[PDB]
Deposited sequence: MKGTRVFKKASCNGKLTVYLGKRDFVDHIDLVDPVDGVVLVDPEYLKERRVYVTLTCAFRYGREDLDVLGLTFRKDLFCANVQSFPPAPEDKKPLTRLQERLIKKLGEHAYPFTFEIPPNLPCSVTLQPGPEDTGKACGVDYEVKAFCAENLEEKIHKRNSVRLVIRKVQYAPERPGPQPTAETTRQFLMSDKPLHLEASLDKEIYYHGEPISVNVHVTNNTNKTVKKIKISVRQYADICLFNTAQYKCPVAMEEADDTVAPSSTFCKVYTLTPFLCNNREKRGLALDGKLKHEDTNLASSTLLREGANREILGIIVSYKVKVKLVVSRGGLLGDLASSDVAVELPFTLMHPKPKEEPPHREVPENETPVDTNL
């Protein structure tokens, strides 16, 4: 009913997890906890080691002629379940399974990246590119032993964030540009309806223009850009538009011009874009566009992995442009965290 379960061969090394998605609050991440039932008669001297790892699998959609391991671990922890207070779920699992139930738990440190999967190109291959978290349990006399997967159970977990309860002030920004006569030229006021938007929710932007110059504007260009700030060995900012709208509206050489534009980012029209940041895949499935990474006020440290943010950019091709930053995120479930049984096309 409640807890997930997975097993691995004769070792009976069945690992139990109460949830697959662990929500992250900007200064406290939900503790990982679980139970790993095992058969001591089979383990004998071998110790039951469980490990949590966050791994960035970097470009191996490029470099296929070098197919090897293109990964770095961002975080690792290990716990010797078989030689911390037990949670209620852990207590219930121990009571149910009995003597051979040995619990485990990990504290994920704050400011690690959330589970984000970079989208494949055509001819997609391999587990993922991007950041994923994994729990595995295995039997060995030492953690340095070479595991051969015979008696190892591996589960992929996700670290996720949900939209904060209180939205901030509506994103408002403006830019002013002057040329030639420069008497009182264009100022480009732009304002979003709100700062926080949910996946599939339209993005509404209000824009104002005052074209008091001899040259007019031919088009009004509105688009939502995903700014995936990547970091591993070097740091980079990839701009991949997720919603784009072109308006042929023109501003006369006059004082005022008003209009409101609505956009809605979705994954159907952005599948072909290789490298687009997507919410971490729990398996070989499909997930929505990556949620904004919320950051604490301490420092936007070059933090490893992918940090995702969104801005809508409004441009006037007389060009005058201004960006409105916003948060694209799921609301807090108020229920069980996982996908809630999205139909499977068996």
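Residues of the deposited sequence missing from the coordinate set occupy positions 1-3, 87-92, 328-339, 368-374.
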